[PDB]
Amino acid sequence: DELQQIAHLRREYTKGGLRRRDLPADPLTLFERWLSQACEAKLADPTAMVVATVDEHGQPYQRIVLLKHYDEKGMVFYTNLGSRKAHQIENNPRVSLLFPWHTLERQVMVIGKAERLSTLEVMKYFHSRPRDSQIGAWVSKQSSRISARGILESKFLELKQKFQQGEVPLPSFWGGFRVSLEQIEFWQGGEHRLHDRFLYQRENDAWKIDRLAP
């Protein structure tokens, strides 16, 4: 029996490395640098990140969402408040975020608590979104099973007509979450599978920082 073709897919990572002397006191400083370099390398969706949530049975779920804001208080993403992730977050606020920057031979993983954004900040953001996107927010009962795509298309045309030139109101079931920064791991690929790993861990007000074996 021969190995599957994919068993042979592999790549040595020689773009760079990460040493303790390269680390800033604030993890967000390094994240900002990396994000900036991702935007410059021209990744298709530099702000795309995978958010993992856990349901009531201890089962993890994942889906990509976009990072739309970040500061010391956490990383932000917008979503339908009636969705599977939102319902999972309701019961277990613990989440994980992963920026899949492996084309740049890097990973950034964050652990923290997800909490709802205020209606106010959501409104601010909602009105900067493309008009068809605002309508679409109204159309989709995110995560719920639907009979066919026609249901969405029909509803979209219906709502577009209804909203005719006026402002599309913010649906009460559309909002977002702010994920606190409890831990942040940075990964930079290396050779011989000996990558660089540094984990920032919130310890009271400061950050405990350790290198983790690859």
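Take the two forms, find the largest set of C-alpha atoms that superpose within 1.5 Å, and that set is the rigid core. All residue numbers are counted from 1 along the displayed sequence.
The segment moving more, judged by mean Cα distance from this form in 5 other deposited structures of this protein after a core overlay, is 185-193 among 185-193 and 59-67. Put simply, when the other structures in 5 other deposited structures of this protein are lined up on the rigid core, the C-alpha atoms of 16-24 lie farther off than those of the other stretch, from 194-202 and 16-24. Annotation for 89-97 versus 122-130: the higher mean temperature factor (C-alpha) is found in 122-130. Remark: stretch with higher mean C-alpha B factor among 63-71 and 30-38 is 30-38. Residue-level temperature factors show residue 186 in the lowest third of its chain, judged at the C-alpha atom.
In the PDB entry, a CA B factor belonging to the middle third of its chain's modelled residues is recorded for residue 173. The deposited CA B-factor of residue 3 belongs to the highest third of values across its chain.
Looking at the C-alpha B-factors along this chain, the one for residue 43 belongs to the highest third. In this PDB entry, residue 152 carries a Cα temperature factor that places it within the middle third of its chain's modelled residues.
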